[PDB]
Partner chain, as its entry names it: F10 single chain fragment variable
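As structure tokens, one chain now follows by itself in the form deposited without the partner chain.
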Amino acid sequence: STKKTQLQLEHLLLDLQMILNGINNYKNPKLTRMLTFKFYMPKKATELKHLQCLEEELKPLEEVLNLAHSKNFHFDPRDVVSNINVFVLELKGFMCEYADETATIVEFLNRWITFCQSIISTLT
């Protein structure tokens, strides 16, 4: 059950990282357009229940990705985000509380990639 939860986090993390790579190889001036789209971060992210703040931000995430023409990505935005949605559902087993600051898409991915890495460490 803790070995199971840890593996789901391992997969969730794969997805986040996969997206973040697509985005750091957006060698298109259009990147400015993308980074202007603002994402909401969680006030605190210390427990699985806090993945709520990731669930609620997935629609805006999928949208922003769709703007970047497909040629640029190895994955399909709607797919990689459905995927992430599924994991988050199985991992939170509450109401979300947001930080006052917004962040670019890249900072947002980082915050969560980190969060995943933390939990995974403490579960080892």
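Positions refer to the first chain, counted from 1.
Omitted from view is the form deposited with the partner chain bound, to which the following refers.
Not displayed here, the partner chain is approached by residue 33 to within 4.5 Å at the level of heavy atoms in the entry with it bound.
In the entry with it bound, the partner chain sits within 4.5 Å of a heavy atom belonging to residue 38. Contact between residue 48 and the partner chain in the entry with it bound is not found at the 4.5 Å heavy atom cutoff. Looking at 90-109, the residues that come within 4.5 Å of the partner chain in the entry with it bound, counting any heavy atom, are 98, 99, 100, 101, 102.
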